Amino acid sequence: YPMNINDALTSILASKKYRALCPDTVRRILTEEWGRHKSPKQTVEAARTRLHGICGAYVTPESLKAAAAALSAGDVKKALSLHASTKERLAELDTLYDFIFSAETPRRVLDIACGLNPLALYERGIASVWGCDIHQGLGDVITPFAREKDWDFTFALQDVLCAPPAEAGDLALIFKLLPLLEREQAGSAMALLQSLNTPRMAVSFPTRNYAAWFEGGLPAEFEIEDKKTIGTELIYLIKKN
């Protein structure tokens, strides 16, 4: 059994469950867990438990295959319905993007922890999208479709707790991400916002204390321009000064 981080990393990445995960994520979690000074066996188990939570319930290999099939048939809505977070968004999708884009439709969007949401941006006619996430299966769904459509979408397999997004754009989307980052590393959510090379951002939280947390913690160089509940998301439009 794995008795060090390197061997544990190899083991986890070889598993059917975790093979599509960003290797940096696996190493980050293993290294943090190793620092708790438990046995190698307990440490690897603790790491797997965390990775299970990080992978979550958003997609499966079969749902990803079905999303690809949907895209091949031109059924973008069906593909969107096959990631749990976009499925939640479906009913009010155009209301949401109408709200975000009311003043201006951006040329280039950075979609941070993108899930399958870039497919919605395609349908909104966004010219250029860069999305990052830690599950390569997401890129494996979106990228072949983007190439078929001559659409300027790029996917990065990137853990934002390992390295900040380096790209630049007109608008960053940070949907349903800040809470999970904060739970995992205190202070990381606002640090992510401070790192983004966009003049404006749209940040969302699940909703029917996130509002209080966000409004109380948003660094002074940002201004909240609007705030609205649309479907089961609370959305803030912010500008960086």
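One-based numbering along the sequence shown.
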Report, from the record, the number of residues in the deposited sequence between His37 and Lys38 that have no coordinates, as none, 1 to 3, 4 to 9, or 10 or more. none
Using the B-factors recorded in the PDB entry, average over the C-alpha atoms of 149-157 and of 86-94, then report which stretch comes out higher. 86-94
Could you check the entry and say whether 139-147 or 69-77 has the higher mean CA B-factor? 69-77
Criterion, highest CA B-factor; candidates, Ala186, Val203, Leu64, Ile29: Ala186
Max C-alpha B-factor within the set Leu116, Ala127, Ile112, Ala163 falls on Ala163
Could you place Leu218 in the lowest, middle or highest third of its chain by Cα temperature factor, using the values in the record? highest
Using the temperature factors of the C-alpha atoms in this entry, rank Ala20 within its chain: lowest, middle or highest third. middle
Could you look up the Cα B-factor of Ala120 in the entry and say which third of the chain it sits in: lowest, middle or highest? lowest
Rank-wise, by C-alpha B-factor, drop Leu196 into the lowest, middle or highest third of its chain. middle
What third of its chain, lowest, middle or highest, does the C-alpha temperature factor of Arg208 fall into? highest
